[PDB]
Every structure is written in C-alpha cells, then in structure tokens.
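Notes follow the structure.
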Amino acid sequence: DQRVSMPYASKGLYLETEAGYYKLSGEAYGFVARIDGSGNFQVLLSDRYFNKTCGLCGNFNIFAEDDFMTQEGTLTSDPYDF
Amino acid sequence: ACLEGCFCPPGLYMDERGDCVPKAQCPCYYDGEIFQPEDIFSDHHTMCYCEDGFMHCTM
Ligand SMILES: *[C@@H]1O[C@H](CO)[C@@H](O)[C@H](O)[C@H]1NC(C)=O
Ligand SMILES: [Ca+2]
C-alpha cells in the first residue's frame, strides 16, 4: 500500500520504462510484462511453462482450441464463463 | 386468471419469509434445494450456479 517512486528493482523484479513504455521484468522467474501509453497489457513468458501456466491467457501449448481449461479443469465452449 | 388479493409492485417478487424482494436476492429452488442468491455449485462432471433466481447449469 506504500506508493514508491519509479524505477524500482526489489526482489529480482526490475520495474523499468522502455521506449517510453513501462516494463516489469522477472527473468529469474521467467516473465516480462509491460504496458503502453493507451493501456494494453502484454506478457512475455519462457518455454519453461509449456503445458503449465493455466489461467486467463490460457496454457502454453501448441494447440489453440483446448486452451480453455478452467480452474477445475474443464474444456468449455464459452470464452466468457471461463 | 386475473385474480384478487395481496400482491406487491412488479419490481418486487415474493420471498418465503413474508416480505417480497427484488430479483437480486431471489433464491433458486433446484431439485427442491433452496440455494442462496450466490452459491457456486458443482459435482465432478457438471457445473452449476444460482444467479438471480434461475439455476444456470452447464456440463
Ligand atoms: C499436458 O499435461 C497433461 C497433464 O499432465 C497431459 O495430460 C497432457 O498430455 C500434456 N499435453 C502435452 C501437449 O504435453
Ligand atoms: Ca493454448
């Protein structure tokens, strides 16, 4: 809840600005986030979590149809209740 | 038919406990079971929830 300044680098999380756009790197933990001026979240993530990370950006598999596996684990046809 | 008695305005629907309420906290009666207005609900194979009075089941 304490507002900090920027940039910021604690706990292996460099919180930087690149190309006038804000960045959050976690290369130890294998991810790089960022935002643009308008607001467009982006998440770069390694190959280490292939068929692991299940969430709102779906699994990191090859397929694209089966990447709605709910918090229970259920292939759903709706992109909404998921 | 068009009967006579004690009703309450259309925005309000009847609750079991004598008052009538909007459809926000109007429970569901799935399989007889009186579920509260927010009760996420599932066996292994189905998936079901009560939103505003209606019981939204899926599979
Ligand atoms: C992903 O992992 C699951 C659970 O272990 C396994 O059932 C499935 O075959 C794997 N799929 C791929 C593409 O490796
Ligand atoms: Ca996928």
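Treating each Cα of chain A as one equal point scatterer and applying the Debye formula with no solvent, the log10 of I(q)/I(0) at q = 0.23 Å⁻¹ comes out as -1.08. For the pair the range B:1-40 and the range A:1-30, the centres of their Cα atoms are 51 angstrom apart. Counting only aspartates and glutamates at least 8 places from B:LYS23 when in the same chain, those with an alpha carbon closer than 14 Å to its own are B:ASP15, B:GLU38, B:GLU51, B:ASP52.
We did not get these values from a lab; they are worked out from the coordinates using the rules stated.
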